[PDB]
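Structural characterization, general
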Amino acid sequence: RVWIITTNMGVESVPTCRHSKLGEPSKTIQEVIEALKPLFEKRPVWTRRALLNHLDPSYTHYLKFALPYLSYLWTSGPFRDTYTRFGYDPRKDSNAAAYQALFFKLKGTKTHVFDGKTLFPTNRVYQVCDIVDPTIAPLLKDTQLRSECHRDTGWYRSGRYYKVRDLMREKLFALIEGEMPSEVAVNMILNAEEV
């Protein structure tokens, strides 16, 4: 057991400290905890994949034991599959729109970045701040955030959120097959009115 505390969007208050069952970690895990601390200062919400890509690769399978000392895990909602530092509630801070996670249920590079062009991505959960694709990123940079964090779409208006999701999904369909997305094909999704 790693003693990770999990949350969903209905939780009254987010976790503020580690699971009571956790004791003091080995020096081996403490090293990973020390590496994680500044990463959580830089960015309060992270997927496992994004963290691994910022960590010494020898920490790969110690990471799951270290995270519960600093963070809790969303198991659904707009922050699904992200670890959030204790005491930070992304439902209360619209700046957390940048850290929302989009999961894709689809069938290579280990990157956490969504560029729209790198073939055979293995990642299936992308955070907004890691979307560099210049045709998709402006859609979420420019949009007026909602006045409340929605249970599914978080800080993003539904029609804009699902346009972005559809664009990403279409590009992934192709990238995972070893094909470049068709600009003209994708442009139909991009130019569609928002539902």
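Residues numbered from 1 in each chain as written, not as in the entry; some residues may be left out. Heavy atoms only, no water.

The PDB entry lists the protein chain under the name TRANSCRIPTION FACTOR TAU SUBUNIT SFC1, with Schizosaccharomyces pombe as the source organism. As recorded in the PDB, this entry has the title "Sfc1-DBD".

This next bit is on unusual backbone geometry. The phi dihedral of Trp3 falls on the positive side, at around 65°, and the residue is not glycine. Inspection of the secondary structure puts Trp3 in the segment before β1 (6-7). In the Ramachandran plot, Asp81 falls in the positive-phi region, its phi being about 70° despite a non-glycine side chain. Along the chain, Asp81 falls in the loop between β3 (71-74) and β4 (82-85). (Helix = DSSP H or I, 4+ residues; strand = E, 2+ residues; numbered from the N terminus.)

Within the structure shown, the criterion is met by 6 aromatic pairs. Connected via pairs of aromatic rings, a cluster forms that spans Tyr72, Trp74 and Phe79. In this structure, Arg43 is placed above the aromatic ring of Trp46, and the distance from its NZ or CZ to the ring centre is 4.0 Å. Sitting over the ring of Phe103, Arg80 keeps its end group 4.3 Å from the ring centre. (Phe/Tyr/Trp six-rings, centres within 6.5 Å; stacked < 30°, edge-to-face > 60°. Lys NZ or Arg CZ within 6 Å of the ring centre and 35° of its normal.)

Take helix α1 (residues 27-42) next. With 16 residues, α1 extends 24 Å from end C-alpha to end C-alpha; this agrees with the ideal 22 Å at 1.5 Å per step. Burial in α1 covers these residues: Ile29, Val32, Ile33, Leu36, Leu39 and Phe40. (Expected span 1.5 Å × (residues − 1). Buried < 20%, exposed > 50% of the residue type's maximum accessible area, 1.4 Å probe, protein only.)

By size, the foremost hydrophobic cluster in this structure holds 29 residues, and its most contacted members are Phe114, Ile136 and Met168. Elements with a contribution of two residues or more to this core: β3, α4 (137-141) and α5 (158-175). Tallying contributions element by element places α5 first for this core, with 5 residues. Judged by nonpolar contacts, the second largest core, of 20 residues, contains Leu22, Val32, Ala66 and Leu73. (Core = buried A, V, L, I, M, F, W, Y, C linked by side-chain atoms within 4.5 Å.)

On to α5. Side chains that are three or four residues apart share a direction in an α-helix, a result of its 3.6 residues per turn. Taking 1.5 Å as the rise per residue, α5 with 18 residues should run 26 Å; its terminal C-alpha atoms sit 25 Å apart, in good agreement. Those residues of α5 that sit buried are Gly159, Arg160, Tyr161, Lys163, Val164, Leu167, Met168, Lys171, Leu172, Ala174 and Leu175. On its buried face, α5 sits against β5 (101-103), β6 (125-127), α4 and α6 (183-191). (Contact = heavy atoms within 4.5 Å.)

Another point: the packing of α5 against α6. α6 packs onto α5 with a crossing angle of 170° between their chain directions and a minimal axis gap of 9 Å. By the angle between their axes, α5 is roughly antiparallel relative to α6. Between α5 and α6 lies a crossing of right-handed hand. Every residue of α6 that contacts α5 at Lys163, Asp166, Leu167, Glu170 and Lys171 is listed here: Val186, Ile189, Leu190 and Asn191. Taken together, the residues of the contact of α5 with α6 break down into 4 nonpolar, 1 polar and 4 charged. (Axes fitted to C-alpha atoms, helices over the stretch in contact; angles between N-to-C directions. Parallel < 35°, antiparallel > 145°, perpendicular 65-115°, else oblique. Left-handed = near helix turned anticlockwise from the far one by under 90°. Nonpolar A, V, L, I, M, F, W, Y, C, P; charged D, E, K, R; others polar.)

What follows deals with the pairing of β3. Going residue by residue along β3, you find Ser71 and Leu73 tucked away on one face and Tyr72 and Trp74 tucked away on the opposite face as well. Looking at chain direction, β1 and β3 are connected through 2 bridges and run parallel. Of the residues in β3, the one forming a bridge with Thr7 is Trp74. With 3 bridges connecting them, β3 and β4 associate as antiparallel partners. In the sheet register, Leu73 faces β4, and the bridge partner there is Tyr83. (Pairing = 2+ DSSP bridges.)

For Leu102, the location among the structural elements is in strand β5. The class of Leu102 is buried, set by a relative accessible area of 2%. Spatially, the C-alpha atom of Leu102 lies 26 Å from that of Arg18, the residues being 84 residues apart in sequence. Setting aside residues up to four positions removed in sequence, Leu102 forms contacts with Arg124, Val125, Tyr126, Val128, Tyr161, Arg165 and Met168.

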